[PDB]
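Peer 1: Need a 3D model of the sequence below.
(6 chains, ligands or ions: 2)
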Amino acid sequence: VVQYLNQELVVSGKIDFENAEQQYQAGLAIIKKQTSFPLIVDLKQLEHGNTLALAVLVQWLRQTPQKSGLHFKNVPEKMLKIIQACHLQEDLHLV
Amino acid sequence: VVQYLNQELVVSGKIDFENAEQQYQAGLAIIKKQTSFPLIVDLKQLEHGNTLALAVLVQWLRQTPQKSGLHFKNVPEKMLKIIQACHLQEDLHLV
Amino acid sequence: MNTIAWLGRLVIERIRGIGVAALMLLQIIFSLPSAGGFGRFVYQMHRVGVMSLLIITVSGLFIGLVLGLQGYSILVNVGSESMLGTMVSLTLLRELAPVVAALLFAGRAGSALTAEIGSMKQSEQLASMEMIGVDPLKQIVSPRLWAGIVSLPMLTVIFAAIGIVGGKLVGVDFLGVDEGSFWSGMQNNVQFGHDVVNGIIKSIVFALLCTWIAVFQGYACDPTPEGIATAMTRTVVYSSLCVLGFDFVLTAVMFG
Amino acid sequence: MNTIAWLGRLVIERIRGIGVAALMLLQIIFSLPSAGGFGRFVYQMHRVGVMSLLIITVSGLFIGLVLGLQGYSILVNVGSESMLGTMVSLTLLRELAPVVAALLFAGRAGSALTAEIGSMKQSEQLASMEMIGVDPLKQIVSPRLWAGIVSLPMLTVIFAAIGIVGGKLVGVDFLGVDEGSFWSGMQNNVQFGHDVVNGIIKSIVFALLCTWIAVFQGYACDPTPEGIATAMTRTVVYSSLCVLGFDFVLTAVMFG
Amino acid sequence: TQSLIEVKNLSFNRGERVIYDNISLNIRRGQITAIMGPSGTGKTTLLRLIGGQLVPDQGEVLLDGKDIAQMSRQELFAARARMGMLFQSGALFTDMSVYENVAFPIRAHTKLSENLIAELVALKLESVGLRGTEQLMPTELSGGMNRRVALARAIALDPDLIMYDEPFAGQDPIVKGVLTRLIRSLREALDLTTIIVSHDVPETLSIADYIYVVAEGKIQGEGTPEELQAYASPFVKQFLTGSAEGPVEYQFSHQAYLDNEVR
Amino acid sequence: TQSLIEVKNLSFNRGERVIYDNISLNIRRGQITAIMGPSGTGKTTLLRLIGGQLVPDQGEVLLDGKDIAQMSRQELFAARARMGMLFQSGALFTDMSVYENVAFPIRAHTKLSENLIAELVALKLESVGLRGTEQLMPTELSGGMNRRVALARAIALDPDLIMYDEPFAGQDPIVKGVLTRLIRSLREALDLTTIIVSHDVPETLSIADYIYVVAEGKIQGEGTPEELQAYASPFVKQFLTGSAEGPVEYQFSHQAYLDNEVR
Ligand SMILES: Nc1ncnc2c1ncn2[C@@H]1O[C@H](COP(=O)(O)OP(=O)(O)OP(=O)(O)O)[C@@H](O)[C@H]1O
Ligand SMILES: Nc1ncnc2c1ncn2[C@@H]1O[C@H](COP(=O)(O)OP(=O)(O)OP(=O)(O)O)[C@@H](O)[C@H]1O
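Peer 2: Residues are numbered from 1 along each chain as shown, chains lettered A, B, ... in the order given. Ligands and ions are numbered 1, 2, ... in the order given. What follows is the structure:
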């Protein structure tokens, strides 16, 4: 529902179909105040990632310069299962 | 094509779709001159019995006393294969 | 320039489609009939003709009640309605009963033949009939064509007879005109060979077109459960255009 | 006594079939429209209306050439053919253009809706749409009903305008009557509110029946590839009987 | 494991005809449950009674306490967001594109912008394996790609109940081989709960974990595919093997023969 | 064993489309010959080119010396008395009874009295196992009895060539079990020569004796079912197993997933 920045933006709560419009855009403004791409994600407070949470996550990467102005870490044992199903782990720095 | 009598009617030649109308009726007149049902068939000169030859054969049994006056003998290794396919060897004295 | 290219490709396939349907008609009628061909024509007269008897007799009455009610409202201002029995039986006999009874035959018994021969094409009954050796044009199609050329001119007469009797009901018995001047106005102005025979020859040319189209569309389908239903609207449209098209050509010749 | 028992069983199912189609109409029109309902009505006006524009404009010309050629052959014996422009524009405006343009709309765009909603019922698109939660009456059926009530009264006017212009071509420019007495015979005898408006109200009652029948038959099919095609002749027959049936009732009221 | 759908003693009559006189089913969570039987019985009407489109007459459909028919119009619209359905023929919407087919359950339920919907469709059509086709109509689509699109539409909300209805009925062994992996893969990565209605004994014994066999209105046998063949009832034993001995017969009539006279 | 039908290098084009560019087949006498392949190719048009309804364009169809197309109208009507055909959907004639369906090939070719025709139909409908039904129309006939009647019609002249066309396409394992015995039984007791077009690898490897696999216009492999799996071409090996590696692909296009921008 909410996400903070600090130094590493962490996504917390649940992302499902009636909180995904402000949560996508609250993180979108974060990217443009942060240059030289250290914005690596440590998403771990997610509990019910259900492929829409992947959909807002790739859309943050779409704006980022080049095509990898970030990195993802500490996946909640289930979001990465979604990633191999869409064959996306040649495209996300999951390590 | 032709069938005789002597004392035992024997069917000879071929029975297929342009000789089966006189060959059925030439044997049909034979049945009514012969009482106390000794008309056992020794059909053995048949060479190409093709299920129509069975069709004229059962029809001779239809217009007989009671329902059984003819007994069949010496089947040409192939007519009896037709008989088990139609499950008729509880109904024809093949022995 | 693709839309112009698609439009030119559309009417070239529709021209070729006429040439297949012309060669199909010369194969049906130029043949002496096979043994058993009259027993199927009597049965196909039941499906096409007798089942269509209810719609034509009822709808023929409803036009007669309208023609008697509209012709009286106009002929009462000029005060000459001894010509009411003429203009009712002259509108039907030469003009409406050849035309309207072909617009209802194209719907009810016209499109039903295209479903009947069409569903035999998708379920492979036509292809199975040919491998036995039976030719499906002579077996299936040809008793349906000859039952269409006969059953429509027998139906425009029942349309025209019920339409006049219905027009006699609202004219004479409800609005109150003279009965004797109704009928005697007919025999003066309505000839037989110029009006009743020319209303029958107009329906034989109409019965050929509403049946040769409705048979060809169900024979040259594309075998698909939604390709059949697209060829049942192709045969109501094309019949209603050839009825009204050959109307003006036959009217200009007969009454010009 | 089985045939009378089968006949009574036939018209009882056809009576309760009316009651289902009446309750289906009260669910469509008694509802405020869902979001996005106008974007589909503009598209469904293309399929029903604009595709039907070619058959009506061409067939409307062929009746006008017949009405000018038949009305001249009768009005030349009585020698009064300054009334030619009246009887051509009086046959079309109150009688033929409401009726014939509903007999061609039932064929072309009437039966096409029954194939369209009918093929959605056998291929389970209607059942799949409901499990998502979308109601198929509001989604699929209701933009097709409102595109039928609008598109037919816009088409009888194009039928009536092309029919008079076609009747002016063979009357004035080919048979040789006066052009000024053709048009001035119209404005004396043909009112607007009694004739042109009463020819439009007659087609709104016709557009309701040729669309509510043609939608209900394609919604209450039996899902079968040869059960669809039997319901496309049920909707051409039932439309042509309710057009000619409500003809006499509306004529007796308006011109009695 | 807990049950998600508990069918408890219903009856459905389409006019003096008995379908499912008395029958009780259990759909355990996360577990592939198959329903087999002879053709003509109400197999694909059972999926419509589970999904809540047709109405029962003497029973209830239990979705975690709540009856289906007792739901309001704003809970039944919410409960149908937790269900998918892949039909017999791949019931696509032919009058609209592939991208409009997959986005149809998203736009009917949820209110999102176009840059998130067009990403979610590009993730659903990727997981099936059809990412490059997002603009063409569902004709010029091959028969092998027709059912795969309709799988992406039924899965486009992440439900917990997706009911396949004969997913391989007369298909090539290649296209049957692709679809039998996507039923295994997409279930295991998304925590689904599948229902396969089919009559194909080789795969259905080797893809299911609990098999119901309904024959004329009741259960002929149930259980894991070990004990289904070990507790073989005389109708199930003929069904799984295709034998000529049992309660369903070969011959039409047993009137000897010579008792008919062909007149 | 001698060949009955020798197809030798034909081509069929239904309008700038290639079906069977160059292909040569052998139909050995008394031997079950199967033809398999992917759906959409001209499989059931090959049975029509063998049966002589559609015309070849660059080849010949050899029925013991004689070409099919070079036959007169009184020999082609005689050669079609030596052929049967069981179609995809059991193409019965719905406007006439069961007794009129089976007697239709007899009355079209041969001239017999009614007391012999009504006996021959009672022997043909017996050998299938439907002897009590001779008066009802082919509706109220079940789907399992629909194909069995159409087998009796195609066999009602004792031909030497009967071509089944997917005899079990989406049927129950009981009705599949009945039909797989009648293909074995009626062939073996009548000296037939069957052709089974199908795509069902378990039975087709265990009911056929020579399998042709056609893929896009040529043969991918042939032979007895021992050496078909031993000489496994990279397309036949994927076909008989249903694997995910070979010349036919899983994915639609290959653009990673970032080279598209969903706009
Ligand atoms: N619209 C309908 N009206 C009346 N009866 C119907 C209708 N639809 C189906 N039925 C009958 O109800 C029964 C339901 O069986 P149904 O065909 O739905 O299951 P099925 O054979 O498994 O279907 P599928 O093979 O498509 O899964 C059938 O015997 C059918 O005859
Ligand atoms: N009437 C027709 N007009 C044009 N093309 C056709 C027609 N019928 C078939 N075709 C095309 O020719 C090809 C022939 O393949 P066909 O469908 O006959 O074999 P099949 O798929 O094995 O059939 P079945 O599955 O019924 O045995 C198909 O790809 C089809 O698209």
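Peer 1: most centrally placed residue in chain C?
Peer 2: By Cα atoms, centre = their mean, the mean C-alpha position of chain C lies nearest to residue C:102, the distance being 2.8 Å.
Peer 1: can I assume that residue is in contact with residue C:211?
Peer 2: No - because the distance of 10.5 Å does not satisfy Cβ atoms under 8 Å, residue C:102 is recorded as not touching residue C:211. Just so you know, the C-beta spots here come from the backbone N, C-alpha and C atoms, and that holds for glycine as well.
Peer 1: anything in contact with each of the two?
Peer 2: Taking Cβ atoms under 8 Å, 6 or more residues apart in numbering or on different chains as the contact criterion, the residues that touch both residue C:102 and residue C:211 are residue C:152.
Peer 1: What's the biggest helix in the chain, counting residues?
Peer 2: Since you didn't name a chain, this refers to chain A. For chain A, the helix that runs over the most residues, judged by DSSP state H, is helix A:52-63.
Peer 1: To clarify, I was referring to chain E.
Peer 2: Every helix in chain E considered (DSSP H), the longest is helix E:173-190.
Peer 1: As a check, name the ranges of all strands in the stretch 151-263 of chain E.
Peer 2: Shown for the stretch 151-263 of chain E, the strands assigned by DSSP state E, counting those that start in this stretch span residues E:162-165, E:194-197, E:210-214, E:219-221.
Peer 1: Tell me the strands beside the third one, with direction?
Peer 2: Within its sheet, strand E:210-214 is paired with strand E:33-36 (parallel), strand E:219-221 (antiparallel), according to DSSP bridges.
Peer 1: how about those, which one is nearest residue E:92?
Peer 2: Of all those, it is strand E:33-36 that lies closest to residue E:92, at 24.1 Å by Cβ to Cβ.
Peer 1: next structured bit after the closest one?
Peer 2: Taking DSSP states H and E as the definition, the helix or strand that follows strand E:33-36 towards the C-terminus is helix E:43-51.
Peer 1: Tell me who's in contact with the residue of the stretch 1-150 of chain C found nearest chain B.
Peer 2: Nearest residue of the stretch 1-150 of chain C to chain B (Cβ to the nearest Cβ) works out as residue C:133 at 13.7 Å. Taking Cβ under 8 Å, 6+ apart as the contact definition, residue C:133 lies against F:77, F:80, F:81, F:108, F:109.
Peer 1: Scan those residues and report the most crowded one.
Peer 2: For the contacts of residue C:133, neighbours were counted using other Cβ atoms under 10 Å in any protein chain shown, and residue F:80 has the most, 25 neighbours in all.
Peer 1: For chain F, what's its nearest residue on the stretch 1-150 of chain E.
Peer 2: Using Cβ to the nearest Cβ, the closest approach of the stretch 1-150 of chain E to chain F is made by residue E:132 at 3.1 Å.
Peer 1: and that residue, helix, strand or coil?
Peer 2: coil (DSSP: H, G, I helix; E, B strand; the rest coil).
Peer 1: Not counting sequence-adjacent ones, nearest residue to it?
Peer 2: In space, residue E:132 comes closest to residue F:253 once its chain neighbours are excluded; the distance is 3.1 Å by Cβ to Cβ, 6 or more residues apart in numbering or on different chains.
Peer 1: doesn't residue E:129 make contact with the one you found?
Peer 2: No - Residue F:253 is not in contact with residue E:129 according to Cβ under 8 Å; the separation is 10.0 Å.
Peer 1: For the chain, which segments count as helices?
Peer 2: Going with chain A. So, for chain A - with DSSP H - the helices run A:22-31, A:52-63, A:79-85.
Peer 1: if you could check chain E rather than the one you did, that'd help
Peer 2: E:43-51, E:76-79, E:98-102, E:104-109, E:114-128, E:143-154, E:173-190, E:201-207, E:227-230, E:236-241.
Peer 1: Columns distance to residue D:9 on top of those, output as a markdown table?
Peer 2: Listed next are the helices of chain E as a markdown table, based on distance: least, Cβ to Cβ, whole Å:
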| stretch | distance to residue D:9 |
| --- | --- |
| helix E:43-51 | 26 |
| helix E:76-79 | 37 |
| helix E:98-102 | 43 |
| helix E:104-109 | 42 |
| helix E:114-128 | 50 |
| helix E:143-154 | 40 |
| helix E:173-190 | 46 |
| helix E:201-207 | 43 |
| helix E:227-230 | 46 |
| helix E:236-241 | 38 |
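Peer 1: Of those, which is nearest residue F:1?
Peer 2: Set against residue F:1 and scored by Cβ to Cβ, the helices of chain E come closest in helix E:173-190, at 28.8 Å.
Peer 1: contact partners of the closest one?
Peer 2: Counting by Cβ under 8 Å, 6+ apart, the neighbours of helix E:173-190 from elsewhere in the structure are A:51, A:81-82, A:84-85, E:32, E:127-128, E:143-144, E:147-148, E:151, E:155, E:158, E:164, E:167-168, E:171, E:192-194, E:196, E:203, E:207, F:38-39, F:199-201, F:238-244, F:248, F:250.
Peer 1: Show the buried residues in the residues you listed.
Peer 2: The neighbour-count test (16 or more other Cβ atoms under 10 Å in any protein chain shown) marks A:51, A:82, A:85, E:32, E:127-128, E:144, E:147-148, E:151, E:155, E:158, E:164, E:167-168, E:171, E:192-194, E:196, E:203, E:207, F:38, F:199-201, F:238-242, F:248 as buried among the contacts of helix E:173-190.
Peer 1: need the longest strand for chain A.
Peer 2: As assigned by DSSP state E, the longest strand anywhere in chain A is strand A:10-13.
Peer 1: Okay, now the sheet partners of that one, with direction.
Peer 2: Sheet partners assigned to strand A:10-13 using DSSP bridges are listed as strand A:3-4 (antiparallel), strand A:45-46 (parallel).
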